[PDB]
Amino acid sequence: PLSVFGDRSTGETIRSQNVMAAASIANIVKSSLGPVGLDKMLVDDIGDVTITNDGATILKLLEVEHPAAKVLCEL
Amino acid sequence: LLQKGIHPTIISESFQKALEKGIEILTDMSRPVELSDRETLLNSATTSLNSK
Amino acid sequence: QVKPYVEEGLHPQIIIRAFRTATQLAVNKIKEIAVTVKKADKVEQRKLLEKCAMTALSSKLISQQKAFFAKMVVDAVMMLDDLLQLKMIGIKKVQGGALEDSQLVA
Amino acid sequence: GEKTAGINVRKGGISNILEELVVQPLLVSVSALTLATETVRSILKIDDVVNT
Amino acid sequence: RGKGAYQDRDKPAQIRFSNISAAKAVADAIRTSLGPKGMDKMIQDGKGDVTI
Amino acid sequence: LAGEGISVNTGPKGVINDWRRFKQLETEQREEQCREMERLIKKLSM
Amino acid sequence: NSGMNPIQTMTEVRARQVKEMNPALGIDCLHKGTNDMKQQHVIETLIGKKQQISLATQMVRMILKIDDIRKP
Amino acid sequence: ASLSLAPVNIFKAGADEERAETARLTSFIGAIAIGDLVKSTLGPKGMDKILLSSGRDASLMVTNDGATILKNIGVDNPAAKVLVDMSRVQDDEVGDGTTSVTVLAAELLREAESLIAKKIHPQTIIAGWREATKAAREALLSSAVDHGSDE
Amino acid sequence: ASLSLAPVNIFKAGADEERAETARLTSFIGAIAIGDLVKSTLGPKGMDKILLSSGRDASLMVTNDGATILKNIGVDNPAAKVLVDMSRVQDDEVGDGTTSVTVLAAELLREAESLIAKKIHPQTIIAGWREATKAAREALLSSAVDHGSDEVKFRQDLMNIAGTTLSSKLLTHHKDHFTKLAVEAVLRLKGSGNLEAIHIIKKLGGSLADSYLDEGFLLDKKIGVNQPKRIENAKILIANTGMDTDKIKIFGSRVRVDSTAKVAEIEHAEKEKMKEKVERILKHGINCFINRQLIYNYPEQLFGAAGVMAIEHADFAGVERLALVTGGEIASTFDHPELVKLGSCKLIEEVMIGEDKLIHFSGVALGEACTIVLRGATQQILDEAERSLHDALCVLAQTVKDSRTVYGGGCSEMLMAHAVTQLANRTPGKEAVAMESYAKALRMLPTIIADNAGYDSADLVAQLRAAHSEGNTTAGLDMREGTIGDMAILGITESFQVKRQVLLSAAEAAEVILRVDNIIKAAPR
Ligand SMILES: Nc1ncnc2c1ncn2[C@@H]1O[C@H](COP(=O)(O)OP(=O)(O)O)[C@@H](O)[C@H]1O
Ligand SMILES: Nc1ncnc2c1ncn2[C@@H]1O[C@H](COP(=O)(O)OP(=O)(O)O)[C@@H](O)[C@H]1O
Ligand SMILES: Nc1ncnc2c1ncn2[C@@H]1O[C@H](COP(=O)(O)OP(=O)(O)O)[C@@H](O)[C@H]1O
Ligand SMILES: [Mg+2]
Ligand SMILES: [Mg+2]
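Definitions and cut-offs
- Residues numbered from 1 in each chain as written, not as in the entry; some residues may be left out.
- Chains lettered and ligands numbered in written order.
- Part of a larger assembly, values for the part shown.
- Heavy atoms only, no water.
- Residues with missing side-chain atoms left out of burial classes, pairs and counts.
- Contact = heavy atoms within 4.5 Å.
- Buried area = accessible area lost by both parts, 1.4 Å probe.
- Salt bridge = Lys/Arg side-chain N within 4 Å of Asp/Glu carboxyl O.
- Polar contact = N/O pair within 3.5 Å; in protein donor to acceptor, adjacent residues only side chain to side chain.
- Nonpolar A, V, L, I, M, F, W, Y, C, P; charged D, E, K, R; others polar.
- Pairing = 2+ DSSP bridges.
- Helix = DSSP H or I, 4+ residues; strand = E, 2+ residues; numbered from the N terminus.
- Axes fitted to C-alpha atoms, helices over the stretch in contact; angles between N-to-C directions.
- Near = heavy atom within 4 Å.
- Core = buried A, V, L, I, M, F, W, Y, C linked by side-chain atoms within 4.5 Å.
- Buried < 20%, exposed > 50% of the residue type's maximum accessible area, 1.4 Å probe, protein only.
- Areas by Shrake-Rupley, 256 points an atom, 1.4 Å probe, with all protein chains shown as cover.

1. Re the arrangement of the chains
Now for step 1: With 20 pairs of chains in contact overall, the greatest share of contacts is found between chains D and I.
Now for step 2: There is a gap between chain B and chain C: no contact, and a shortest C-alpha distance of 30 Å.
Now for step 3: For the non-touching pair chain D and chain H, the nearest C-alpha separation works out to 13 Å.

2. Comments concerning the interface of chain I and chain D
Now for step 1: Of the residues lining the interface, 26 residues belong to chain I; the matching set on chain D comes to 15 residues.
Now for step 2: At the boundary of chain I with chain D, total buried surface from both sides reaches about 1800 Å², with 62% on carbon and sulfur atoms.
Now for step 3: Put simply, chain I and chain D have 0 salt bridges between them.
Now for step 4: Where chain I meets chain D, there are 8 residue pairs in polar contact.
Now for step 5: Split by residue class, the side of chain I that touches chain D holds 12 nonpolar, 11 polar and 3 charged.
Now for step 6: Taken together, the 4 bridges between strand β3 (residues 46–51) of chain D and strand β2 (residues 48–52) of chain I define a ladder with parallel strand orientation. Counted as the bridge partner of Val49(D) is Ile50(I) from β2(I).

3. Some details on the sheet that holds strand β3 (residues 60–63) of chain I
Now for step 1: An order of β3(D)-β2(I)-β3(I) is seen for the 3 strands of this open sheet, with the pairing classed as mixed. With partners counted over all chains shown, the strands left at the sheet margins are β3 of chain D together with β3 of chain I, one partner each. Taking each pair of neighbouring strands and ignoring which way they run, the sheet shows an average axis angle of 20°.
Now for step 2: Where β2(I) lies against β3(I), 4 bridges are found, and the strand directions are antiparallel. Within β3(I), the position partnered with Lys49(I) by the bridge is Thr63(I).
Now for step 3: Each of β3 of chain D together with β2 of chain I touches helix α1 (residues 11–29) of chain E; the most contacted strand, β3(D), lies at about 85° to it.
Now for step 4: Across the face of the sheet, helix α11 (residues 379–401) of chain I comes into contact with β2 and β3 of chain I while running at roughly 45° to β3(I).

4. Quick look at the site of ligand 3
Residues and elements named next belong to chain I.
Now for step 1: With respect to spatial proximity, 20 residues lie near ligand 3, and among them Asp-96, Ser-100, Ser-167, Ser-168 and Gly-409 are the closest.
Now for step 2: Between ligand 3 and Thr-164, the relevant distance is 3.3 Å, taken from a nitrogen atom to a main-chain nitrogen or oxygen of the residue.
Now for step 3: Contact between ligand 3 and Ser-168: an oxygen atom at 3.1 Å from a side-chain N or O atom of the residue.
Now for step 4: Those elements that place two or more of their residues in the shell around ligand 3 are α4 (98–117) and α6 (151–167).
Now for step 5: In the shell around ligand 3, the residues fall into 5 nonpolar, 11 polar and 4 charged.

5. Some points on the nonpolar core
All names here are of chain I.
Now for step 1: Grouped together as the largest cluster of nonpolar side chains are 61 residues, with contacts concentrated most on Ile-34, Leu-83, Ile-125, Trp-129, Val-420 and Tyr-438.
Now for step 2: With 10 residues, the top contributor of residues to this core is helix α16 (residues 496–514).
Now for step 3: Here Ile-125 is in contact with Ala-112, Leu-115, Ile-116, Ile-120, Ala-434 and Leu-514, once residues within four sequence places are set aside.
Now for step 4: Counting 28 residues, the second largest nonpolar core, distinct from the first, contains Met-159, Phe-178, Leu-189 and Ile-198.

6. Some points on the site of ligand 2
All names here are of chain H.
Now for step 1: Every residue near ligand 2 is listed here: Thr-41, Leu-42, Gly-43, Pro-44, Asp-96, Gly-97, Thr-98, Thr-99 and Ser-100.
Now for step 2: Between ligand 2 and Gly-97 there is a distance of 2.9 Å, counted from an oxygen atom to a backbone nitrogen or oxygen.
Now for step 3: Within the side chain of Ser-100, one N or O atom sits 3.4 Å away from an oxygen atom of ligand 2.
Now for step 4: Expressed as a share of its isolated accessible area of 550 Å², the protein-covered part of ligand 2 is 43%.
Now for step 5: Along the lines of polarity and charge, the residues of the shell around ligand 2 split into 2 nonpolar, 6 polar and 1 charged.

Okay, structure coming up:
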């Protein structure tokens, strides 16, 4: 019918997908909050290590695909 | 309309007649407005922005 | 409903105990407030069975004829003696015909 | 006889919308009607597709 | 006048129906984004560009 | 065997989705083969 | 299928049926000059029509009730 | 909407479907091809055909019989299959007339194609052909001469 | 023997060859396919076509013109190529009749195929067709009428011809308005035969009836920064000079000094040269300056200081159109102000069309150049409107050049075929059969015209044949209600040149295609 060259998600499916992406981004850095938080080791598949606790740095280094997760990273 | 057996040229002319009548109806339904009436302009802009 | 408490580190044993207690209380409440008739009147039992069958059937593609099928099902069940064996109620499917054409053979 | 009766989303029903300040210029409905009708006529005057 | 003209080809009818179906599908696509209670759509093009 | 002027007509516009689906992968491989062409046999023999 | 205009012929036949109480007026497919199927001896069994309507209604309901498809 | 020109696909892989004008075109092409193949073997000056087999045997067969020609060929056009079966049944019923009946059917279908091109409903053509066949049958029966009495 | 069916192979790999029956079958199949495809878009009730390109951009084109349909398709049948090029040449000669000539050639070749099946040598068919073409041409010439002497009669004939031309196209929804528009646009040419003097601007948005012929002229350029946006009693100078870092055309020259002070002096000298050129331009006493090439920052500022409009980068077509509409002279030197003519118009200003801005030249002096604004809902609609308007303008220009006219609606074809039949039944041999086939194709043309409308084409064509045989030489297909009518009263007229060209081109293409008995294809690259 539409004959559009691509995928389409409508209704609760896309909303659940967006919420899943946002929740995954939140759970990435939830463990580094508060004084009892702990840092993270980040390796860029070349041998460079970035030990960091900053949420902005963690979200910047990671390569992300979903648009909502990208929205949270830019936030 | 086509499945009922109407040639797709009577349909076009009938749609044109309906369009002319509809333009007449909409024109009769309208209300004059002046640019000095700031309230109407604000209402129009708000109505435009309501869906965004 | 218990996912948010799980995410915040609540011990699952507490959730299990709460579920068990709530379920026991709910089952006891259901047994307490359930409606029963202490007369064994044949007409009353017939109507009760028919209403239960209609309620069960009123979600399927035969919900339009739920009264017909409910009466037929009650009639079929009442002629089983004591064991109510499913294999003693044959079901035959013959292609072609309206739903109302279905019949119960005595 | 209610010329301005429209769908009200604030109260979830139907009422006069001029009191809800929901107005639009005439050259939105008129333009949409004319363009849509003319496009429909143009589409109706079509009976084949050719690939180059 | 009796039997009348016989539609020999019948392919123009198929073309018209296909065009109508495509237009109706497009409208149903952009049908839920209309009015104040309409939601937005997110479009990701062939590149990484994203627009809501 | 007549009608060699087929003029497929309506056929493509209803199947261009699948046609482009195959064409995308064909092009994706095509960059690889075109790139490796400039080395694999461009000057191997000489 | 007989070449006549569908909407016009159907409307005329329905109007004639409404005017005079005569449910035998149909579509003169063979162009015999009259719409009276009783005079034209176009006869069908009642059971056939009843089964047609019943089966069509039940299958339309069954198709309408389906809302999920899970092909592999 | 057509069974093939629809947004949804309703067929198995490889299934085909040809609507009014396409099906008529295929049927007429097959019929005309069969008629033009079987003809030129008709009449006192008709010539023969060579039927080379594509199988392992590769048997050679030269013949003037229309039914023999139509039997040992690879036919995929279904209307051509109908004409071939007509010729075979005609051969079974009586010895002669296979080429004549095949050519007559081909010419009738060519005239039908012309009439359809002239915007004439096929049912009208069929009714006219029924009346024409009745008249021709009556005339041919009246023209018959019987000599069974005299030895 | 034959090249292909020989024990030894005489060809390269991929080369092919087709003998008599096979080549004839291929040619006839291609011609009939082309004719069937182009037809059903013929006559007032013909429908349009969708040309969906297979390229990367996949350009979409909705059209009714036979030439545009035929040129924008992948044609591999050589006979189809011949027919396509015939249609293209017909379009080049006159703007209308491509579909008619294509269908006539296809019907002629169909009749030729029938005659060949009837065991008639092709040369006999060619001779019969030559005789039939001569007879039909003589009949058409004898049937023509001329009204160029009478001004009002010629105006009415032009209106009728424009209406007939636009009847088949999409503009039939507003045929009257568009006919008046096209007639006025052509009449404003003052007899000049150049259609490039008529500019068609396609602006999206608005109804198709919003299109209008501008009383002046519209330019899609822009004015400088500090120049007036509106002037009264314009005195326009049209120029074709550089006005952009103007370099002396001594290519080998260069600046060689020993100090930057000398370089600054030379830079000031160049600026002074440009200023002196601008002063020489201003010595003409002008208000608006139109240059074909770009105007750089310094000359634009100099013009702004003098309060003179400076429209830049108006291409060759633009400067030619301004010269035609205002009477100016396209100059390139400004040392003789008294030997140049300045264009004049009542008013120049900027107008808003859609969301864009254009320069409006109102109250022009000569006005022998038109701009037509086209409004539509889709780009395809605008393109088709432009094509239809181009057809109308071409036909009107041809009628202005040659005022002889013939009646359309099948009347001309029917009288041609009646003359062909009159010649045929008087000639012995199979040439009579060939001429009868020629007349049959000529009959089939209005037959297809009536089929496209869904009418009873057989009965109408029989009635037309009877009327033309009796002596009613003006009978034709009245498509208002599906009867026959008098094309003199009904006002259905077509150019004599268009009809003659269609007939002759169709006969020529049929003759050249029919002569072929062997097709040989080289190995494709
Ligand atoms: N507050 C509102 N209450 C009711 N209807 C509204 C309101 N705001 C906008 N609309 C209606 O919604 C319609 C669609 O407008 P919108 O959704 O902005 O997209 P578009 O203007 O492109 O159709 C308008 O015709 C308008 O009448
Ligand atoms: N001596 C003849 N003179 C004229 N016609 C003949 C003669 N012999 C046969 N025919 C014609 O040839 C036609 C075809 O006959 P033939 O090819 O032998 O068998 P079939 O009837 O199977 O085609 C017959 O219809 C007959 O009329
Ligand atoms: N209003 C009309 N009434 C009758 N015949 C018409 C009318 N308009 C056009 N025709 C006929 O249709 C034929 C084709 O014209 P048209 O489709 O406009 O251009 P083309 O010649 O390129 O096909 C012409 O020969 C003309 O005689
Ligand atoms: Mg249940
Ligand atoms: Mg034309």
